[PDB]
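One chain is shown next in structure tokens, namely the form deposited in one PDB entry.
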């Protein structure tokens, strides 16, 4: 359906350069425009037409028309030579633009440089060991197998636990970057202490191979981010994210964890225009903010038993997970 491939391919290069150099708001603008172009019904053929599309302004319009007339984009030719190396480094899990830029300034140019000379955090060393694996997407059928491994282990010590795979899986994608498993209990209390029992059970059977984020000390753990691998030959290491939530938060946690990320941001932005606030925990009304958009007063939580309730309270038509890519 992308009727503007020659344009977007060039804009994506520029967008990625801004992102990895840390100019996140400018990169957000490019991401907004690129999506608007991927979804326009026709080839965009004029400056006046390009401007009419939400997310495209005068500046983006004159880049589009430069591409159309000449097949090239002058700005690409002056992208810093550092950008491919910065992208290489920031694809290490646990390293972002700041770390990538420091490693670059220190003279490193390759993952061999990083391995042999760089200071690495515990997470980054795991990211580097699984560098290729964390860039691959698994078939969704393997995500099912991972969800079932987690569900069988959780339900072995409490059969009442509800487990649901979210993210790209629940949105129906053919491949998945990780598996996002949401766990809750329909009664309202038994979700306490389950992380400790769950993670121990998945470690005893050899399924978890490394931990990236897991605060197991004080019992208030909300998320586990780590690495798993199914048994047998031909298996890769896969990213696993688990969250455990109170039942009263199930609809908002499901909404958050199904995403997409841009869908969540657009929904939360709409809530803010209404004096409301939407998080993974709750939809709140009568939220008080200052002129900068920052919360200065808490509001009150609205009951949201189902995802449909959240849309309804925001004045929105319900959208099925497969329709939430943007």
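Shifts are known only where both forms have a C-alpha. Positions refer to the first chain, counted from 1. Take the two forms, find the largest set of C-alpha atoms that superpose within 1.5 Å, and that set is the rigid core.
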{"property": "Residue range whose averaged C-alpha B-factor is higher in the record, 147-155 or 167-175", "result": "147-155"}
{"property": "Of 47-55 and 28-36, the one with larger mean CA B-factor", "result": "47-55"}
{"property": "Residue with maximal Cα B-factor (values as given in the PDB entry) among 241, 133, 77, 142", "result": "77"}
{"property": "Top residue by Cα temperature factor, when 223, 109, 72, 235 are compared in the entry", "result": "72"}
{"property": "Residue 268 - Cα temperature factor, lowest/middle/highest third of chain", "result": "lowest"}
{"property": "Residue 296 by Cα B-factor - lowest, middle or highest third of the modelled chain", "result": "highest"}
{"property": "Modelled-residue ranking by C-alpha temperature factor, third containing residue 261", "result": "lowest"}
{"property": "Assigned third (lowest, middle, highest) for the C-alpha B factor of residue 192", "result": "highest"}
{"property": "Residue 124 - Cα temperature factor, lowest/middle/highest third of chain", "result": "lowest"}
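Beyond what is shown, the protein has a form deposited in another entry; the following relates to that form.
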item: Residue from 119, 116, 122, 220 whose Cα, after superposing the rigid core, lies 2 Å or more away between the shown form and the other one; value: 220
item: Residue 281 C-alpha relocation of at least 2 Å between the shown form and the other one, rigid core basis; value: no
item: Threshold 2 Å Cα movement between the shown form and the other one at residue 295, rigid core reference; value: yes
item: Cα distance between residue 247 and residue 221, which in the other entry differs by 3 Å or more from this form, closer or farther; value: closer
item: Sense of the change in Cα distance from residue 258 to residue 220 in the other entry - at least 3 Å versus the shown form; value: closer
item: Mobile segments between the shown form and the other one [3+ consecutive residues, each C-alpha shifted 2 angstroms or more, core superposed]; value: 215-221, 286-297
